[PDB]
Structure formats: structure tokens, C-alpha cells
Amino acid sequence: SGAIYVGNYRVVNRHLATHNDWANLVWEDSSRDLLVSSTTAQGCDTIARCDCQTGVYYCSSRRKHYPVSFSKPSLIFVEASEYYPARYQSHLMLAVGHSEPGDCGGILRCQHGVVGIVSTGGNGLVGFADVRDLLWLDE
Ligand SMILES: NC(=O)[C@H]1CCCN(C(=O)[C@@H]2CCSc3ccccc32)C1
Ligand SMILES: [Zn+2]
């Protein structure tokens, strides 16, 4: 679990969105596993606007942060789960690292701010849904 709070927005994994996220929906994309809802309170997270390929992510199943090198956002084939059929997930970045069910929503950050959130795992890999292209989060 986990979300990004920026301005009057909350960014969560679409498969973990609550009834309240859907009732205050701003934007959602099943192909990215992202959903953004509006909030009454002001958020203070900073979103990176960069092309970093190194950063640090939070892994809740280890209560630890890990440094990682990650691939550029791309279309990656993801196996069927209870939330989605087998499909290509877009804007996904992979790194070698630990991630298991319950780790989605962990923030990946570089020196410029928030890069994305954990969205996939297994096999000694961890996948992050990129949010750096969502320039509207800052306006
Ligand atoms: N973005 C998606 O399509 C997600 C939806 C939830 C299920 N997905 C996983 O990757 C899960 C949880 C993250 S960790 C993990 C480790 C081993 C096997 C599977 C998983 C795919
Ligand atoms: Zn950066």
C-alpha cells in the first residue's frame, strides 16, 4: 500500500483505489495501473521532472529502502493476476530488487523528487509505474 500526495491530488495504484478514490476521480489509466483522485487537504510531495535511471524505493515487506538502477518507462508484458488479464502495461520501469504482494504503492525517489510507485514484482524484479510525465499534477 501507499500513495503520492501532491497539491490537491492523491496518486494510487489503480488496482488498490478505494470507493472514495473513484467518487473523487480526476484521471485513471488501466494500461498504466494508475488512478488520481482529488483531496480537500494540501499535499506536499515533489514530483521529479527528469530522466534519472537511479533512485531509492521503499519496500514495505522488508521495512527498508533500497537503491536501484531502473529501465526507462516502456511497454512491458505483465502476466494475468486477479486484477487484470495478461496485457502490456505502459510507462513501466523495471529494476532488480525485492517486491511481493503488499509492496505496491512504495515510492521510488531520485534527487529531484518522486519518480513513481511500485506496481509489479516477482522473480527478483520490481516494476514501478512512472509519474514524471504527468505535468498537470503540479498545476
Ligand atoms: N501492475 C499489475 O498488473 C500488478 C497487479 C497486482 C498483481 N501484480 C503483481 O505483480 C503482484 C504484486 C506486486 S509483487 C508480486 C510478486 C510476485 C508475483 C506477483 C506480484 C501485477
Ligand atoms: Zn531525477
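Heavy atoms only: backbone and side chains are in, while hydrogens, waters and symmetry mates are out. Residue numbers count from 1 along this sequence.
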S.K.: side-chain contact (heavy atoms from CB on, under 4.5 Å) for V68 and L108? Distances and angles first, verdict last.
M.R.: CA-CA 9 Å; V68 287; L108 168 65; 3.9 Å; yes

S.K.: Look at the side chain of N13 and the backbone N and O of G105, then say whether any donor-acceptor pair between them is shorter than 3.5 Å.
M.R.: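 Yes, because the side chain of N13 sits within donor-acceptor range (under 3.5 Å) of the backbone of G105.
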
S.K.: A side-chain contact here means heavy atoms from C-beta on lying under 4.5 Å apart; do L134 and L34 qualify?
M.R.: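 Counting from C-beta outward, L134 and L34 do come under 4.5 Å.
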
S.K.: Between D133 and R32 (salt bridge meaning N to carboxylate O under 4.0 Å), is one present in this structure?
M.R.: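 Yes, charged N to carboxylate O under 4.0 Å.
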
S.K.: Go through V131 and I4 one step at a time and tell me if the side-chain contact (heavy atoms from CB on, under 4.5 Å) criterion holds.
M.R.: CA-CA 10 Å; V131 302; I4 302 162; 4.1 Å; yes

S.K.: Does any part of the side chain of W136, heavy atoms only, come nearer than 4.5 Å to the side chain of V36, both counted from C-beta?
M.R.: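 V36 vs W136: side chains touch.
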
S.K.: Show, in sequence, the C-alpha distance, side-chain angles and deciding distance for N24 and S37, and conclude whether the side-chain hydrogen bond (donor to acceptor under 3.5 Å, both in side chains) test is met.
M.R.: CA-CA 5 Å; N24 296 283; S37 58; over 6 Å; no

S.K.: Do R109 side-chain atoms and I47 backbone N/O form a donor-acceptor pair below 3.5 Å?
M.R.: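 No, the answer is negative, given that no donor and acceptor are paired below the 3.5 Å cut-off.
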
S.K.: To check you understand the geometry: which heavy-atom pair defines the closest contact between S30 and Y84, and what is its length?
M.R.: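 Nearest heavy atoms, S30 then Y84: OG-CE2, 3.4 Å.
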
S.K.: If you group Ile, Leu, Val, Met, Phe, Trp and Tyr by side-chain heavy-atom gaps below 4.5 Å, do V6 and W27 land in one group?
M.R.: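 Linked, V6 and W27 end up in one cluster.
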
S.K.: Between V26 and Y9, is there a side-chain heavy-atom distance shorter than 4.5 Å?
M.R.: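 Of all side-chain heavy-atom pairs linking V26 with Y9, at least one is under 4.5 Å.
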
S.K.: Could you state whether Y66 and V118 fall into the same hydrophobic cluster, counting links through intermediate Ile, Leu, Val, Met, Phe, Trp or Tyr residues with side-chain heavy atoms under 4.5 angstrom apart?
M.R.: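 Same hydrophobic cluster.
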
S.K.: Test side-chain contact (heavy atoms from CB on, under 4.5 Å) on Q89 and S119 and set out the steps.
M.R.: CA-CA 10 Å; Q89 175 162 320; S119 177; 3.0 Å; yes

S.K.: Salt-bridge test for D29 and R14: reply yes if a basic N is under 4.0 Å from a carboxylate O, no otherwise.
M.R.: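 Looking at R14 together with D29, the answer is no, because their closest N to O distance does not fall below 4.0 Å.
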
S.K.: If I compare all heavy atoms of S69 with all of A95, which pair ends up nearest, and what's the gap?
M.R.: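 Heavy-atom minimum between the residues: O-CB, 3.4 Å.
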
S.K.: Say you draw a straight line from OG of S38 to CZ of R10; how long is it, rounded to the nearest 0.5 Å?
M.R.: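 It is 11.0 Å, given to the nearest 0.5 Å.
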
S.K.: Does a side-chain heavy-atom distance below 4.5 Å link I76 with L94?
M.R.: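 Counting from C-beta outward, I76 and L94 do come under 4.5 Å.
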
S.K.: Under a plain distance cut-off of 3.5 Å, with no hydrogens placed, do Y58 and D103 share a side-chain donor-acceptor pair?
M.R.: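 No - no donor-acceptor pair under 3.5 Å links their side chains.
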
S.K.: For side-chain hydrogen bond (donor to acceptor under 3.5 Å, both in side chains), just list the numbers for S31 and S90, CA-CA rounded to whole Å, side-chain angles, deciding distance to a tenth of an Å, and then say yes or no.
M.R.: CA-CA 6 Å; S31 78; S90 60; 3.2 Å; yes

S.K.: Side-chain contact test, heavy atoms from C-beta onward, threshold under 4.5 Å: evaluate it for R49 versus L135 and give yes or no.
M.R.: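 The answer is yes, as the side chains (C-beta and beyond) meet within the 4.5 Å cut-off.
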
S.K.: In Å and rounded to the nearest 0.5 Å, what is the CG to OG distance from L125 to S99?
M.R.: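 Going from the CG atom of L125 to the OG atom of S99 covers 9.5 Å.
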
S.K.: Compare all side-chain heavy atoms of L92 with those of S74 and state whether any distance is below 4.5 angstrom.
M.R.: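 No, too far: nothing below the 4.5 Å cut-off.
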
S.K.: Could you state whether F128 and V12 fall into the same hydrophobic cluster, counting links through intermediate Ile, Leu, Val, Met, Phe, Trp or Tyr residues with side-chain heavy atoms under 4.5 angstrom apart?
M.R.: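 The answer is no; the residues belong to distinct hydrophobic clusters.
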
S.K.: side-chain contact (heavy atoms from CB on, under 4.5 Å), that's the test. Do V126 and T120 meet it? Break it down for me.
M.R.: CA-CA 6 Å; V126 51; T120 75; over 6 Å; no

S.K.: So, are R62 and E100 salt-bridged, with charged N and O less than 4.0 Å apart?
M.R.: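 A salt bridge is present here (some side-chain N lies under 4.0 Å from a carboxylate O).
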
S.K.: Which pair of non-hydrogen atoms, one from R132 and one from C50, has the smallest distance, and what is that distance?
M.R.: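 Shortest heavy-atom contact: NH1-O, 3.4 Å.
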
S.K.: Residues two or more places apart in sequence or in another chain: which of them pass ring-ring contact (aromatic ring centres under 6.0 Å, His included) with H98?
M.R.: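 In terms of ring-ring contact (aromatic ring centres under 6.0 Å, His included), with neighbours along the sequence ignored, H98 is linked to no residue.
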
S.K.: Is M93 linked to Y57 within one hydrophobic cluster, defined over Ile, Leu, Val, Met, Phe, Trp and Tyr using a side-chain heavy-atom separation of less than 4.5 Å?
M.R.: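 Same cluster.
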
S.K.: State, with a plain yes or no, whether a side-chain heavy atom of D33 is found less than 4.5 Å away from one of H15.
M.R.: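 A side-chain contact exists here, since the closest heavy-atom pair is under 4.5 Å.
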
